[PDB]
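Peer 1: For reference, each letter of the sequence shown is one residue, going 57 to 138 in the working numbering.
Ideal Cβ positions, reconstructed from N, Cα and C, are used throughout, including at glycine.
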Amino acid sequence: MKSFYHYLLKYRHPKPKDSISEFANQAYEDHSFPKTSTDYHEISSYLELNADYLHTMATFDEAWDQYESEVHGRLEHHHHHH
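Shown next, in the form of structure tokens:
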């Protein structure tokens with residue numbers, strides 16, 4: 057794994073467009089983000105803990121799917137025989 061915050065740092069999206077993009081800029085301002093702790097359940101509640109992220113829960117879930125896909129996926133390609 058690699059600090060979800062840092063992973064997100066790669067998507068600073070200097071020009072928000074997609075749901076994940078707008079979220080990235082927002083998270084950048086989250087100086088309190090649990091950089092030293094990445095857990096779906098723990099962080100999930102962190103979002104619901106504030107209506108600010110409540111209106112974009114679908115984005116976080118989607119982001120996670122991408123995150124794990126890059127880490128939990130690695131060079132273990134299977135479905136795509138390319």
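Less than 8 Å between the beta carbons of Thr92 and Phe60, yes or no?
Peer 2: As a first step, residue 92 must be located in the sequence shown, where it is residue number 36. As a first step, residue 60 must be located in the sequence shown, where it is residue number 4. No, they are not a contact pair.
Peer 1: For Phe116, which residues in the same chain have their Cβ closer than 6 Å to its Cβ, ignoring the five residues on either side in sequence?
Peer 2: Start at 1 with the first residue of the sequence shown, and residue 116 comes out as number 60. For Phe116, where only same-chain residues beyond five positions count, the Cβ hits under 6 Å are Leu103.
Peer 1: Considering only residues of the same chain and omitting the five flanking positions on each side of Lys58, which have a CB-CB separation below 8 Å?
Peer 2: Position 2 of the sequence shown, counted from the first residue, corresponds to residue 58. Closer than 8 Å at the Cβ level, and outside the excluded window around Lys58, lie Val127.
Peer 1: Looking only at its own chain, which residues have a Cβ that is under 7 Å from the Cβ of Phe89, when we skip the five neighbours before and after it?
Peer 2: In the sequence shown, the residue the question calls residue 89 occupies position 33. For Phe89, where only same-chain residues beyond five positions count, the Cβ hits under 7 Å are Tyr61, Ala83.
Peer 1: In three-state DSSP terms, what is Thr92?
Peer 2: If you number the sequence shown from 1, residue 92 lands on position 36. Correct three-state label for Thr92: coil.
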